[PDB]
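Same chain, two forms, each on its own as structure tokens: structure 1, then structure 2.
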Structure 1
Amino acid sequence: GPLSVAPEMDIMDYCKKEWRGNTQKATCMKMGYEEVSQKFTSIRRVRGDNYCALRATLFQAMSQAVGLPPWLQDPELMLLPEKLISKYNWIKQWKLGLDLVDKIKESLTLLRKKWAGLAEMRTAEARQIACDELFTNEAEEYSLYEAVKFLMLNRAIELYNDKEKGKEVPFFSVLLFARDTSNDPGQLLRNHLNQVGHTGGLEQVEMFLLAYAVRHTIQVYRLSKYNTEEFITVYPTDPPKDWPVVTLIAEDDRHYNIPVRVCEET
């Protein structure tokens, strides 16, 4: 079993293990890590299975769960999977990795429950201990991704509709639906969301979508971009006052891992 989120490994030893060729590029990788390693003690290897984006984010958000965010706490969320399916039938074009509405409702219900478990925690050691045993597991975890992906799609709909109504929306969504293969929520789903955890991962424009779905700001050290504006890339770019923040690391925009805070340590 190749674990979902590997234990905390000294970051300085890591870049040394992984960036041992003589190449010019490698240097930029080393320097990327050096910067990071000032804020961060260690690094956690997230599994690279095409879910890495959601796993990393959700692991983070949940491990640090302080209170259960309201959006999840609202129990109309339960009734939302039936609602969307009723209205937009093309949602039955949905493609699982691991009838249909019930399954999603169950998935989302799981998310609410699991996240609250970690909020109601007393210590944060306890909180995180708890959180690794979420991602240790097989079936429960992969359900959480079907819930999140759903939430992404909900939000994509929500926004697209608002754009069409003349209403004020986030600019990333304008570009999200500008793509040839993602003109409308239907198109997005058939061509982008369904393939996640199958053919491919989230594009950067869809990172945006992710943060929105769970109302957490995602902030990423992109080593590729070291010594440029983009090195610490933030989704969304102008995040809300309130939204909590997760930090991820991406060597070259192809996989996401977790840098561990000094104080957040085990």
Structure 2
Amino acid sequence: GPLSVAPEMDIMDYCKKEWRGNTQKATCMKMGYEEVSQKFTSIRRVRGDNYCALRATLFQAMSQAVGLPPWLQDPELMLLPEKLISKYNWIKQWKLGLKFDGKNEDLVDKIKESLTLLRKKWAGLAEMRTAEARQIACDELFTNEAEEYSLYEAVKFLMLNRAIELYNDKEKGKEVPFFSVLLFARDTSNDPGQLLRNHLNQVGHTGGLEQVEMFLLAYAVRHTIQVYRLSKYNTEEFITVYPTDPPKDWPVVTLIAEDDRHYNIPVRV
């Protein structure tokens, strides 16, 4: 299919096209792009569907991949679908986001296939000897075909796993990050099953990640997500980093968000 992350263009040309006229919002948005443009020259427009936040984050993480992170090296990752679904039968209420090949007879098989794909593609990008080869390959992967959407199934599953872990830690009285307190405080998300039924199952289908779920995404893929929040320009939230205090060895991916549903990718040479 066509690219789901558009070819790059100059960021101020993008701004000039998008934000015309004299409203206060238009002026704020221009100031916001001017801020971004101090560090990045170009922008790639990420498809604005209900996967937008996942697409933006994953595209940029994968396009920057020069290694395979430990969490993807871990043999346990491939074992997780069986362990979790066997333990927590309610995970079978999972809403699939593509049609899987018929070799895949159950949910465990489907999720395992998606995690295997994520691992294989990431490993292959990390092995590439030129940055150019890696962007060619990454581009090809985000072409609106089943492979692309299977990556999001993997990432959503990792988000669910991390949320289960954080919930169970809180239940054992262990220290957890505060974002997880806020995640579970939502009246539609009081436990992991509610998170799945009312939030994760909607992601890619009827809505995108909420603010609090960007923390969960960052934790799930162990990337620090640095977001220029252009709707927050004249406040301290003009950038928000998810999470605030990550391990120093998590890679950083930078995004731009005019609002919470739409993330684009700033780029530079």
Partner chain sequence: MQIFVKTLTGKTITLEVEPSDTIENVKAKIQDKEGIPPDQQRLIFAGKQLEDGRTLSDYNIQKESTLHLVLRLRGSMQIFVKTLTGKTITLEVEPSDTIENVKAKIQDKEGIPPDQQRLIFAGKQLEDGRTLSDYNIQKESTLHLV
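Counting starts at 1 with the first residue of structure 1 and goes up one by one along its sequence. In this text, the rigid core denotes the largest set of C-alpha atoms whose superposition between the two forms falls within 1.5 Å.
Looking at the condition given, the form deposited without its partner chain, one finds it describes the source of structure 2 alone. Annotation for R254: C-alpha shift of 2 angstroms or more between structure 1 and structure 2, rigid core superposed. Superposing the rigid core and comparing between structure 1 and structure 2 gives a CA shift of 4.4 Å at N137.
Taking the core as reference, the Cα of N227 moves 2.8 angstrom between structure 1 and structure 2. Structural comparison between structure 1 and structure 2 after rigid-core fitting shows the C-alpha of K105 displaced 0.4 Å.
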